[PDB]
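**Student:** To start, I am sharing the structure in question, which I have written as structure tokens.
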Amino acid sequence: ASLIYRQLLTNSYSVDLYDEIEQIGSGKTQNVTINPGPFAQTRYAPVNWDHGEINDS
Amino acid sequence: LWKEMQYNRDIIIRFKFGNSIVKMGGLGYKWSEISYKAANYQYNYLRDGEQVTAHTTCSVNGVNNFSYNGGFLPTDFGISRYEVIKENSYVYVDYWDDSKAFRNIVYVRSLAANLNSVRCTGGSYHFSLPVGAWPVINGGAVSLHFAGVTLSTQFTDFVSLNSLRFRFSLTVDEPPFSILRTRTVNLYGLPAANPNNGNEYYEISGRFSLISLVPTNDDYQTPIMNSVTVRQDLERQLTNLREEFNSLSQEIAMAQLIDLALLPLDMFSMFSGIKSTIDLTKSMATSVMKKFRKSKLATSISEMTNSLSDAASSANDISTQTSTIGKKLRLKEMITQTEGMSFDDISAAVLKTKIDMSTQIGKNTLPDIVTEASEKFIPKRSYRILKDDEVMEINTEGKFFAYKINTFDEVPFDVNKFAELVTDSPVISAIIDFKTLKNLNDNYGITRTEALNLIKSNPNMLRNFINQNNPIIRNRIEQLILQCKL
């Protein structure tokens, strides 16, 4: 059971290796592509307000 | 020969995000990509009584790609892939300034900072709609929290500026990002539309430490403006550091080396305590292993085991067989744990006493040294097997003896009877080989107990004879130390 202390001290180099893991995995580019769901969006339209038809003569 | 110099400074880091936009065709309703882009920034600030000029560069990673697309109709609103930053995304801020510290940033022993967090909030973007109600991007915020400083470099137009890179984490904040006048509300996160909110600069303040390793060949005379950059540094010649390491054996001691050799040396015990830079203290151990794997000795281990496995299913005359099994015994010594004094113990002791009194100066070079010594140290060595008080001893050069334990007089050798026992009975490294042992017994007549101990290569008896100042053992171990010449 004392072997755990020896293993930790011996394998401590994996700490620096893990530091490299994380601090270059952050450097590497990742992009979680959140979707649009199966249900699709849509806006009304380009709508502009104006005065209606005028009865000229 | 390499002196620590602390350069800790309190700095103010000003930076701004970079925004790139690409329009999609039609009449001007859609958009193709809204994304973060690398952004430079210049400024000046007063600190410690002088105006220091600083140059920063912000970049983003881990970015999400939300979307929104009103359909294939040629006027319906949408943004095909509009980004945001949230939990996953990081932001780097490379920082540089004209102060003296950044000239001495080539070699570093340690480097870490303490910066105060900040809250970045998104601006208001009015998407360029030609007609109608005006869509409104607004809201969204994150918080930059510092996590870790590293080295980096701006590839600036005029030169490449060595610099410090600050990796800030993120934390989404209260204002729910929305696409108002549109179908996206109560998101959270900082989108790429207007990350700066019109602010001239986002600001951080903190203190960063640094321990540079400016060189020194004389105590009184320490430099400024480290200018031995890797343009000014070049590969030290292989034969040159071979000669240096060979010269280093001028000084090694006799008994202290054995005292060191009687330690269990592991990865941490050896490779710690090396006056090295940060970039090499990070992965020195793995660097050593990578070139240790491909060494001639290591591939010989691999060939031995693979040849035995293939054999498992395949089914001066004496000098050649003795030499081949001597190489095999050397391989077995390296792979297994022998209970003797184990020549590779002495090899590792010499290796540690050599490398401890050196320095890493921008190149690791423990690869090509550790792995090279592992194969070259003690070229001609000797092993022995005791049985029935008739110990058979073998030399890697091919020589062979077989002599009694109670009295050291040799006997005719028995090839193929030594080979049956060398496979299973434990091999004993012969650091006190037969010739020196015979000299010792003849001159300093020894007893049965210490005879057996020296045959077994017992550290207790070996150190007893060394501390007796026995000339025979002293000289023998001195030659042992002297073959360690790479």
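Residues in the structure tokens are numbered from 1 in each chain, the chains being A, B, ... in the order shown, and ligands are numbered from 1 in the order shown.
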Show me, as a ChimeraX atom specification, the residues of chain A whose atoms get within 8 Å of chain B, using only C-alpha atoms for the distance check.

**Tutor:** /A:9-13,16-17,20,26-36,40-49

**Student:** Please return, as a VMD selection string, all residues of range 220-296 of chain B that DSSP assigns to helix (DSSP H, G or I) on the basis of the backbone.

**Tutor:** chain B and resid 238 to 248 255 to 261 267 to 271 278 to 282 285 to 293 296

**Student:** What does the distance between CA of residue 5 in chain B and CA of residue 210 in chain B come to in Å, to one decimal place?

**Tutor:**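 Pair CA of residue 5 in chain B / CA of residue 210 in chain B returns 8.0 Å.
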
**Student:** Report as an MDAnalysis selection string all protein, DNA and RNA residues lying within 7 Å of residue 122 in chain B, evaluated on only C-alpha atoms, omitting residues in the same chain fewer than 4 positions from it.

**Tutor:** chainID B and resid 138:141 190:191 194:197

**Student:** Would you mind exporting N, CA, C and O atoms of the selected residues as a PDB file, in the first residue's frame?

**Tutor:**
```
ATOM      1  N   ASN B 138     -28.793  43.149 -29.528  1.00  0.00           N
ATOM      2  CA  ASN B 138     -28.399  43.842 -28.311  1.00  0.00           C
ATOM      3  C   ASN B 138     -28.123  42.804 -27.236  1.00  0.00           C
ATOM      4  O   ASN B 138     -28.443  41.623 -27.384  1.00  0.00           O
ATOM      5  N   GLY B 139     -27.511  43.261 -26.154  1.00  0.00           N
ATOM      6  CA  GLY B 139     -27.325  42.423 -24.995  1.00  0.00           C
ATOM      7  C   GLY B 139     -26.229  41.393 -25.181  1.00  0.00           C
ATOM      8  O   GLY B 139     -25.460  41.401 -26.145  1.00  0.00           O
ATOM      9  N   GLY B 140     -26.175  40.479 -24.218  1.00  0.00           N
ATOM     10  CA  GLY B 140     -25.127  39.485 -24.171  1.00  0.00           C
ATOM     11  C   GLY B 140     -23.917  39.991 -23.421  1.00  0.00           C
ATOM     12  O   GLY B 140     -23.512  41.140 -23.600  1.00  0.00           O
ATOM     13  N   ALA B 141     -23.340  39.157 -22.565  1.00  0.00           N
ATOM     14  CA  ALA B 141     -22.149  39.568 -21.843  1.00  0.00           C
ATOM     15  C   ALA B 141     -21.425  38.337 -21.337  1.00  0.00           C
ATOM     16  O   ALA B 141     -22.031  37.286 -21.124  1.00  0.00           O
ATOM     17  N   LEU B 190     -21.891  36.306 -25.343  1.00  0.00           N
ATOM     18  CA  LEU B 190     -21.444  37.515 -26.020  1.00  0.00           C
ATOM     19  C   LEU B 190     -21.315  37.236 -27.511  1.00  0.00           C
ATOM     20  O   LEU B 190     -20.391  36.511 -27.908  1.00  0.00           O
ATOM     21  N   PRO B 191     -22.180  37.768 -28.371  1.00  0.00           N
ATOM     22  CA  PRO B 191     -22.056  37.485 -29.801  1.00  0.00           C
ATOM     23  C   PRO B 191     -20.988  38.353 -30.450  1.00  0.00           C
ATOM     24  O   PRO B 191     -20.479  39.310 -29.867  1.00  0.00           O
ATOM     25  N   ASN B 194     -21.105  43.209 -31.968  1.00  0.00           N
ATOM     26  CA  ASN B 194     -20.382  44.373 -31.450  1.00  0.00           C
ATOM     27  C   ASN B 194     -19.833  44.030 -30.074  1.00  0.00           C
ATOM     28  O   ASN B 194     -20.345  44.493 -29.049  1.00  0.00           O
ATOM     29  N   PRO B 195     -18.785  43.207 -30.013  1.00  0.00           N
ATOM     30  CA  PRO B 195     -18.282  42.770 -28.701  1.00  0.00           C
ATOM     31  C   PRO B 195     -17.749  43.897 -27.841  1.00  0.00           C
ATOM     32  O   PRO B 195     -17.670  43.732 -26.618  1.00  0.00           O
ATOM     33  N   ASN B 196     -17.381  45.032 -28.429  1.00  0.00           N
ATOM     34  CA  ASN B 196     -16.739  46.106 -27.687  1.00  0.00           C
ATOM     35  C   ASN B 196     -17.716  47.120 -27.112  1.00  0.00           C
ATOM     36  O   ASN B 196     -17.318  47.912 -26.254  1.00  0.00           O
ATOM     37  N   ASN B 197     -18.973  47.130 -27.557  1.00  0.00           N
ATOM     38  CA  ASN B 197     -19.966  48.089 -27.068  1.00  0.00           C
ATOM     39  C   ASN B 197     -19.527  49.529 -27.321  1.00  0.00           C
ATOM     40  O   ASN B 197     -19.917  50.449 -26.599  1.00  0.00           O
TER      41      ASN B 197
END
```
